[PDB]
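Notes for the one structure printed next.
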Amino acid sequence: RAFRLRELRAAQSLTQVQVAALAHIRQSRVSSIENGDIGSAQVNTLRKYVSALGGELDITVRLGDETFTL
Amino acid sequence: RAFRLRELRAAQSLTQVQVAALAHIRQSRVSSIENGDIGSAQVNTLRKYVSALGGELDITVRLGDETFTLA
Numbered sequence: 031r032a033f034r035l036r037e038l039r040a041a042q043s044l045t046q047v048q049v050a051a052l053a054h055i056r057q058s059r060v061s062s063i064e065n066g067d068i069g070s071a072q073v074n075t076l077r078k079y080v081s082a083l084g085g086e087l088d089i090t091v092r093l094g095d096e097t098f099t100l
Numbered sequence: 031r032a033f034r035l036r037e038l039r040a041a042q043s044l045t046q047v048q049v050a051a052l053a054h055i056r057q058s059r060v061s062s063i064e065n066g067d068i069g070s071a072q073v074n075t076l077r078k079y080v081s082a083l084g085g086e087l088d089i090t091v092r093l094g095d096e097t098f099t100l101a
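As given, the protein sequences belong to chains B and A, one line each in that order. Residue numbers for the first sequence follow the entry's author numbering, beginning at 31 and rising by one. Residue numbers for the second sequence follow the entry's author numbering, beginning at 31 and rising by one.
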């Protein structure tokens, strides 16, 4: 059900070089986070990389039965 | 929202310095998060704090008429 974000940036036929250039972040950072690991990666870094695809990013927190965004 | 995790942490009356140990992260990192600024956080670092507290960390992406997960 999880769709790691390399196969999501390929939904709209785009290349890392292109996502890294309107995100204004080193292609180093795209390769690492597009690889399959999103931990290392900052939030702002991630947020910028998703804004590139013309999407929005939401961090929702769930504990017991309460939910809200950061 | 802003005043949340603070309330949540204080909700169970836990001390900043406890959490910093429960999730094995710098206490300073906890003032920041609880503080409100979260952009500068690494994702795993943020995840740890939520884990230690007891909840879960969900990262939904909305792309027009869609919604996907990734961790």
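Positions of the beta carbon are idealized from the N, C-alpha and C atoms, including for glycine.
Same chain, Cβ closer than 8 Å to residue i, five either side skipped, listed in chain order
| i | result |
| --- | --- |
| residue 66 of chain B | 34 and 36 |
| residue 49 of chain B | 39, 60, 79, 82 and 83 |
| residue 63 of chain B | 35, 70, 71, 75, 76 and 79 |
| residue 97 of chain A | 90 and 91 |
Proximity winner among the options, relative to residue i (alpha-carbon distances)
| i | options | result |
| --- | --- | --- |
| residue 47 of chain A | A:73, A:68, A:83 and A:32 | A:83 |
| residue 91 of chain A | B:86, B:90, B:93 and B:38 | B:86 |
| residue 89 of chain A | B:95, B:45 and B:76 | B:76 |
| residue 55 of chain B | B:74, B:43, B:42 and B:68 | B:74 |
| residue 68 of chain B | A:31, A:94 and A:99 | A:99 |
Anticipated Cβ contact below 8 Å, residue i with residue j, distance rounded
| i | j | result |
| --- | --- | --- |
| residue 57 of chain A | residue 72 of chain B | Actually they are not in contact, since the Cβ atoms of residue 57 of chain A and residue 72 of chain B sit about 20 Å apart, beyond 8 Å. |
Close Cβ partners of residue i (< 6 Å) along its chain, the five nearest in sequence each way excluded
| i | result |
| --- | --- |
| residue 53 of chain A | 78, 79 and 82 |
| residue 101 of chain A | 89 |
Beta-carbon neighbours of residue i, restricted to chain A and to distances below 8 Å
| i | result |
| --- | --- |
| residue 6 of chain B | With chain B running from 31 to 100 in the structure shown, residue 6 of chain B is simply not present. |
| residue 93 of chain B | 38, 80, 83, 84, 85 and 86 |
Per-residue contacts from residue i into chain A (C-beta, under 9 Å)
| i | result |
| --- | --- |
| residue 35 of chain B | 91, 98 and 100 |
Any residues in the stretch 65-78 of chain B with a beta carbon nearer than 8 Å to a beta carbon of chain A? Which ones, in chain order? 68, 69, 70, 71, 72, 73, 74, 76 and 77
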